[PDB]
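Q: Below: one structure in structure tokens.
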Amino acid sequence: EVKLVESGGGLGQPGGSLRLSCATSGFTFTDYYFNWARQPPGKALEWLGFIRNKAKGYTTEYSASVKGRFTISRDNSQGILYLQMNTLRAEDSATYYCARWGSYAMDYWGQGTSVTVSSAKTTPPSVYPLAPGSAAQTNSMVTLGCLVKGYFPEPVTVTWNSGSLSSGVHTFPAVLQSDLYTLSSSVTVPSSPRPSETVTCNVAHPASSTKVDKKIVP
Amino acid sequence: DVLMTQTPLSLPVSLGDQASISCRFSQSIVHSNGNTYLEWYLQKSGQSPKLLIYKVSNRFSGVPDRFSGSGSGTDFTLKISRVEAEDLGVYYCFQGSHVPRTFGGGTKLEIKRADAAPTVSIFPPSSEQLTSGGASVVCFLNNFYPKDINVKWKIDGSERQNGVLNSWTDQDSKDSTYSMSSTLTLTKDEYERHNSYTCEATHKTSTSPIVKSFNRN
């Protein structure tokens, strides 16, 4: 019966002004404080601010970060908490959660809403095969790789031999380098299969309809 | 200005074992009303945070009885009295009655395994990339443990700082290890200016740095 559902996430412009909403149900919205917390990609969950109940007068509180830039509000009559975020920036990319605080703390959280703050437009990825040299690396095993750089937005799907090479694969989390993402993937095969066999990494970037297949070649 | 300190940042555990995470404050966080609003939240990978305990020792509904909270004033403690696979996640203590209101840096509960040296690999830029005027040298360091490791890059002997981007995986779902990728990106010009590129890894599994290198030619 108790429900909190965020909405309003999406892409935003640096210096923009997005606004999130957290609708609730199943409880008396007036009797609760409401928290807004965000978890940036790879970073730790952080607390942004809160708004107080009716009794304590709907007074809000914010962190020193969102201070001056964000503002909590609520629709007491409809049961919708809002998070108006202005002067947006890249650092504001996270998943936003709303929660109600009361006699049992933040016992109900929303499910989250994702925001990405970029000045980038859809960009197709460059795919480069990473081949070894004078040494493969590992006891009779060889590690090959595929660099997937310069794309936007996430994600990309990297596969080895169309899904055959499933074991010995590591796809590392994308990193930002001047608005675009870069990702790399590695695979370890016995020295017997390469280079005698063929090893190909398949990279699909749906947002730009690309699907590149790169043959790893010595 | 109640400065919080939660420890440890990371916690290695073997399933079945006991864990204890602590949250301590420079000053007492007892409220004027007598109550202590110290909470413990559990955020798993890709899930919303879940409340475990509220008001220092009150276990929220649904939370197993193996989870225990304690303390008062300035030092508090969460204590998983029998860790289970389903508890692996990031743990945060929280209090919002005193400025600065906040979550602790977190305590990530990871699975304990035997140490293992990283398998390191270095890769020169592809001819492809260079045809486009850019050169990224890549270094893989997979399957080590503990996660603690430092990578250094050297070009013709000198260490290089700027232009590096690293990324780590999360503990592997099957062998409890971690992997890392270090990429040095330079202009085709810089790359053709130097010949020796070294990727040097430092890890507790050895006093000697693991070095991987290649000469452009």
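Every chain in the structure tokens has a letter given in the order shown (A, B, ...), and although residue numbers restart at 1 in each chain, ligands are simply numbered from 1 in the order shown.
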Extract, using only C-alpha atoms, all DNA, RNA and protein residues at most 10 Å from residue 29 of chain A, discarding same-chain residues fewer than 6 positions from it, and format them as a ChimeraX atom specification.
A: /A:23,53-54,74-81,100
Q: At a cut-off of 12 Å, using only C-alpha atoms, what residues contact residue 67 of chain A? Leave out same-chain residues fewer than 6 positions from it and give the result as a compact mmCIF listing (two decimals) with C-alpha atoms, in the first residue's frame.
A:
# COMPACT_ATOMS: atom_id res chain seq x y z
CA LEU A 48 20.99 15.98 -0.64
CA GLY A 49 18.32 17.42 1.68
CA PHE A 50 14.92 16.98 3.29
CA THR A 60 13.42 22.21 4.12
CA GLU A 61 17.10 21.54 4.70
CA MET A 85 17.39 21.19 -9.75
CA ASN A 86 18.89 24.29 -11.37
CA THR A 87 22.36 25.32 -12.60
Q: Suppose you want the space between atom CA of residue 25 of chain B and atom CA of residue 32 of chain A; what is it in Å?
A: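 Those two atoms sit 26.7 Å apart.
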Q: Just the residues within 12 Å of residue 182 of chain A, please, counting only C-alpha atoms, with nothing from its chain fewer than 2 positions along; format it as a PyMOL selection string.
A: (chain A and resi 123-128+146-156+171-180+184-185) or (chain B and resi 136+138+165-167+181-183+185)
Q: So that I have them on file, write out the residues from the current selection with C-alpha atoms, as a PDB file, in the first residue's frame.
A:
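Listing of part_26.pdb after writing:
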ATOM      1  CA  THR A 123      28.190   9.894 -30.941  1.00  0.00           C
ATOM      2  CA  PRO A 124      29.178   6.587 -32.530  1.00  0.00           C
ATOM      3  CA  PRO A 125      32.015   4.595 -30.841  1.00  0.00           C
ATOM      4  CA  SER A 126      35.484   3.972 -32.266  1.00  0.00           C
ATOM      5  CA  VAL A 127      36.529   0.341 -31.868  1.00  0.00           C
ATOM      6  CA  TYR A 128      40.173  -0.733 -31.836  1.00  0.00           C
ATOM      7  CA  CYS A 146      39.048  -4.337 -27.502  1.00  0.00           C
ATOM      8  CA  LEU A 147      39.014  -0.625 -26.856  1.00  0.00           C
ATOM      9  CA  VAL A 148      35.573   1.037 -27.338  1.00  0.00           C
ATOM     10  CA  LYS A 149      36.054   4.792 -27.136  1.00  0.00           C
ATOM     11  CA  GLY A 150      34.413   8.127 -27.919  1.00  0.00           C
ATOM     12  CA  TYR A 151      30.771   7.054 -27.635  1.00  0.00           C
ATOM     13  CA  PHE A 152      27.683   8.646 -26.099  1.00  0.00           C
ATOM     14  CA  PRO A 153      25.265   7.813 -24.482  1.00  0.00           C
ATOM     15  CA  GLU A 154      25.712   4.588 -22.535  1.00  0.00           C
ATOM     16  CA  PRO A 155      25.644   1.816 -23.214  1.00  0.00           C
ATOM     17  CA  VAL A 156      27.492  -0.431 -25.649  1.00  0.00           C
ATOM     18  CA  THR A 171      34.255  -5.704 -19.642  1.00  0.00           C
ATOM     19  CA  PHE A 172      35.361  -2.704 -17.551  1.00  0.00           C
ATOM     20  CA  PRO A 173      32.930   0.108 -16.541  1.00  0.00           C
ATOM     21  CA  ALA A 174      32.932   3.068 -18.957  1.00  0.00           C
ATOM     22  CA  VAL A 175      34.806   6.189 -18.002  1.00  0.00           C
ATOM     23  CA  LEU A 176      34.237   9.749 -19.186  1.00  0.00           C
ATOM     24  CA  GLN A 177      36.886  11.568 -21.225  1.00  0.00           C
ATOM     25  CA  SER A 178      35.598  14.978 -22.356  1.00  0.00           C
ATOM     26  CA  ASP A 179      31.839  14.181 -22.544  1.00  0.00           C
ATOM     27  CA  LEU A 180      32.200  10.828 -24.214  1.00  0.00           C
ATOM     28  CA  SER A 184      37.653  -1.687 -22.892  1.00  0.00           C
ATOM     29  CA  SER A 185      37.126  -5.407 -22.813  1.00  0.00           C
TER      30      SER A 185
ATOM     31  CA  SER B 136      45.983   4.925 -26.402  1.00  0.00           C
ATOM     32  CA  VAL B 138      46.324  -0.049 -22.659  1.00  0.00           C
ATOM     33  CA  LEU B 165      42.130   6.797 -17.044  1.00  0.00           C
ATOM     34  CA  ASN B 166      41.657   3.722 -14.897  1.00  0.00           C
ATOM     35  CA  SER B 167      38.609   1.530 -14.400  1.00  0.00           C
ATOM     36  CA  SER B 181      42.361  -1.286 -16.848  1.00  0.00           C
ATOM     37  CA  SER B 182      44.744   1.604 -17.157  1.00  0.00           C
ATOM     38  CA  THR B 183      44.794   3.544 -20.414  1.00  0.00           C
ATOM     39  CA  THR B 185      46.072   8.331 -24.251  1.00  0.00           C
TER      40      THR B 185
END
Q: Could you pull out all residues of segment 32-156 of chain A with a DSSP call of strand (DSSP E) and give them as a VMD selection string?
A: chain A and resid 33 to 39 46 to 51 60 to 62 70 to 75 80 to 85 94 to 102 105 to 109 113 to 117 126 to 130 141 to 151
Q: If we count only C-alpha atoms, which residues of chain A reach to within 8 Å of chain B? Please list them as a PyMOL selection string.
A: chain A and resi 44-47+63+97+104-112+128-133+136-138+143+170-175+184+186
Q: From the set B:209, B:12, B:69, B:89, which residue has the shortest atom-to-atom contact distance to residue 150 of chain B, counting only C-alpha atoms?
A: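 Between B:209, B:12, B:69, B:89, the residue approaching residue 150 of chain B most closely is B:209.
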Q: Just the number, please: distance in Å from atom CA of residue 4 of chain A to atom CA of residue 62 of chain B, one decimal.
A: 18.8 Å
Q: If you measure from atom CA of residue 201 of chain B to atom CA of residue 156 of chain B, what distance in Å do you get, rounded to one decimal?
A: 16.9 Å
Q: Find the spatial neighbours of residue 93 of chain A, counting only C-alpha atoms, within a cut-off of 12 Å - ignore same-chain residues fewer than 2 positions away - and output them as a PyMOL selection string.
A: chain A and resi 9-14+18+38-43+85+88-91+95-96+113-118+176
Q: Pick the closest to residue 23 of chain B from B:63, B:93, B:36, B:2: which is it, counting only C-alpha atoms?
A: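 Using only C-alpha atoms, the shortest distance to residue 23 of chain B belongs to B:93.
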Q: Tell me which protein, DNA and RNA residues are within 6 Å of residue 187 of chain A, counting only C-alpha atoms, leaving out same-chain ones fewer than 2 positions away, and put them as a ChimeraX atom specification.
A: /A:143-144,168-169
Q: Now that the selection is made, can you save its residues with N, CA, C and O atoms as a JSON list (two decimals), in the first residue's frame?
A:
[["chain", "number", "residue", "atom", "x", "y", "z"],
["A", 143, "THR", "N", 45.97, -12.92, -23.60],
["A", 143, "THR", "CA", 44.95, -11.93, -23.31],
["A", 143, "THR", "C", 44.90, -10.91, -24.43],
["A", 143, "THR", "O", 45.89, -10.25, -24.75],
["A", 144, "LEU", "N", 43.73, -10.83, -25.05],
["A", 144, "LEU", "CA", 43.51, -9.91, -26.14],
["A", 144, "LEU", "C", 42.57, -8.87, -25.57],
["A", 144, "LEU", "O", 42.10, -9.04, -24.44],
["A", 168, "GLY", "N", 36.42, -16.03, -19.29],
["A", 168, "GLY", "CA", 37.68, -15.32, -19.43],
["A", 168, "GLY", "C", 37.57, -13.90, -19.94],
["A", 168, "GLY", "O", 38.57, -13.29, -20.33],
["A", 169, "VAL", "N", 36.35, -13.37, -19.88],
["A", 169, "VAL", "CA", 36.02, -12.02, -20.33],
["A", 169, "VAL", "C", 35.84, -11.02, -19.17],
["A", 169, "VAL", "O", 35.24, -11.35, -18.14]]
Q: Which parts of segment 5-217 of chain B does DSSP call helix (DSSP H, G or I) when run on the backbone here, written out as a PDB file with N, CA and C atoms, in the first residue's frame?
A:
ATOM      1  N   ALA B  85      25.466 -14.752   2.128  1.00  0.00           N
ATOM      2  CA  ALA B  85      25.668 -14.246   0.749  1.00  0.00           C
ATOM      3  C   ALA B  85      24.783 -13.052   0.380  1.00  0.00           C
ATOM      4  N   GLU B  86      23.563 -13.082   0.887  1.00  0.00           N
ATOM      5  CA  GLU B  86      22.556 -12.066   0.644  1.00  0.00           C
ATOM      6  C   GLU B  86      22.785 -10.753   1.361  1.00  0.00           C
ATOM      7  N   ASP B  87      23.879 -10.642   2.105  1.00  0.00           N
ATOM      8  CA  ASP B  87      24.158  -9.408   2.838  1.00  0.00           C
ATOM      9  C   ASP B  87      25.236  -8.610   2.147  1.00  0.00           C
ATOM     10  N   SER B 127      47.036   0.321 -35.400  1.00  0.00           N
ATOM     11  CA  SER B 127      47.387   1.148 -36.561  1.00  0.00           C
ATOM     12  C   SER B 127      46.165   1.994 -36.898  1.00  0.00           C
ATOM     13  N   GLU B 128      44.992   1.380 -36.708  1.00  0.00           N
ATOM     14  CA  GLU B 128      43.671   2.005 -36.905  1.00  0.00           C
ATOM     15  C   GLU B 128      43.572   3.355 -36.159  1.00  0.00           C
ATOM     16  N   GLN B 129      43.643   3.282 -34.838  1.00  0.00           N
ATOM     17  CA  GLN B 129      43.578   4.472 -34.028  1.00  0.00           C
ATOM     18  C   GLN B 129      44.548   5.571 -34.461  1.00  0.00           C
ATOM     19  N   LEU B 130      45.793   5.190 -34.745  1.00  0.00           N
ATOM     20  CA  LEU B 130      46.832   6.122 -35.150  1.00  0.00           C
ATOM     21  C   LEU B 130      46.512   6.785 -36.470  1.00  0.00           C
ATOM     22  N   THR B 131      45.835   6.062 -37.366  1.00  0.00           N
ATOM     23  CA  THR B 131      45.462   6.655 -38.652  1.00  0.00           C
ATOM     24  C   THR B 131      44.563   7.871 -38.361  1.00  0.00           C
ATOM     25  N   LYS B 188      49.147  11.140 -31.542  1.00  0.00           N
ATOM     26  CA  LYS B 188      49.987  10.299 -32.393  1.00  0.00           C
ATOM     27  C   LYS B 188      51.413  10.862 -32.373  1.00  0.00           C
ATOM     28  N   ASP B 189      51.518  12.182 -32.313  1.00  0.00           N
ATOM     29  CA  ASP B 189      52.813  12.830 -32.294  1.00  0.00           C
ATOM     30  C   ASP B 189      53.645  12.465 -31.076  1.00  0.00           C
ATOM     31  N   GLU B 190      53.038  12.549 -29.898  1.00  0.00           N
ATOM     32  CA  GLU B 190      53.706  12.203 -28.646  1.00  0.00           C
ATOM     33  C   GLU B 190      54.141  10.741 -28.696  1.00  0.00           C
ATOM     34  N   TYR B 191      53.230   9.876 -29.109  1.00  0.00           N
ATOM     35  CA  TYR B 191      53.540   8.467 -29.209  1.00  0.00           C
ATOM     36  C   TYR B 191      54.737   8.161 -30.141  1.00  0.00           C
ATOM     37  N   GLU B 192      54.869   8.927 -31.223  1.00  0.00           N
ATOM     38  CA  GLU B 192      55.934   8.721 -32.193  1.00  0.00           C
ATOM     39  C   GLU B 192      57.202   9.453 -31.789  1.00  0.00           C
ATOM     40  N   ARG B 193      57.093  10.190 -30.695  1.00  0.00           N
ATOM     41  CA  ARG B 193      58.177  10.966 -30.122  1.00  0.00           C
ATOM     42  C   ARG B 193      58.992  10.082 -29.159  1.00  0.00           C
TER      43      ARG B 193
END
Q: Fewer than 6 positions away in the same chain doesn't count, so skip those; otherwise give me all residues within 10 Å of residue 98 of chain B, counting only C-alpha atoms, as a PyMOL selection string.
A: chain B and resi 1-3+27-31+37
Q: Atoms to include: N, CA and C atoms. Write the selected residues as a PDB file, in the first residue's frame.
A:
ATOM      1  N   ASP B   1      28.408  20.948  13.508  1.00  0.00           N
ATOM      2  CA  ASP B   1      29.565  20.381  12.757  1.00  0.00           C
ATOM      3  C   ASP B   1      30.033  19.029  13.346  1.00  0.00           C
ATOM      4  N   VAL B   2      29.097  18.096  13.492  1.00  0.00           N
ATOM      5  CA  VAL B   2      29.411  16.784  14.031  1.00  0.00           C
ATOM      6  C   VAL B   2      30.024  15.961  12.912  1.00  0.00           C
ATOM      7  N   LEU B   3      31.350  15.855  12.912  1.00  0.00           N
ATOM      8  CA  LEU B   3      32.093  15.084  11.902  1.00  0.00           C
ATOM      9  C   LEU B   3      31.983  13.571  12.164  1.00  0.00           C
ATOM     10  N   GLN B  27      31.382  14.349  18.351  1.00  0.00           N
ATOM     11  CA  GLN B  27      30.523  14.866  19.398  1.00  0.00           C
ATOM     12  C   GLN B  27      29.324  13.927  19.519  1.00  0.00           C
ATOM     13  N   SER B  28      28.590  14.044  20.611  1.00  0.00           N
ATOM     14  CA  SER B  28      27.445  13.190  20.840  1.00  0.00           C
ATOM     15  C   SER B  28      26.302  13.636  19.936  1.00  0.00           C
ATOM     16  N   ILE B  29      25.606  12.665  19.361  1.00  0.00           N
ATOM     17  CA  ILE B  29      24.501  12.971  18.469  1.00  0.00           C
ATOM     18  C   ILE B  29      23.122  12.731  19.094  1.00  0.00           C
ATOM     19  N   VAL B  30      23.082  12.712  20.425  1.00  0.00           N
ATOM     20  CA  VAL B  30      21.846  12.536  21.162  1.00  0.00           C
ATOM     21  C   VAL B  30      21.072  13.820  20.915  1.00  0.00           C
ATOM     22  N   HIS B  31      19.779  13.700  20.654  1.00  0.00           N
ATOM     23  CA  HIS B  31      18.951  14.865  20.384  1.00  0.00           C
ATOM     24  C   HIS B  31      18.441  15.482  21.692  1.00  0.00           C
ATOM     25  N   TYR B  37      18.828   9.377  16.811  1.00  0.00           N
ATOM     26  CA  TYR B  37      18.392   9.001  15.482  1.00  0.00           C
ATOM     27  C   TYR B  37      19.545   8.487  14.626  1.00  0.00           C
TER      28      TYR B  37
END
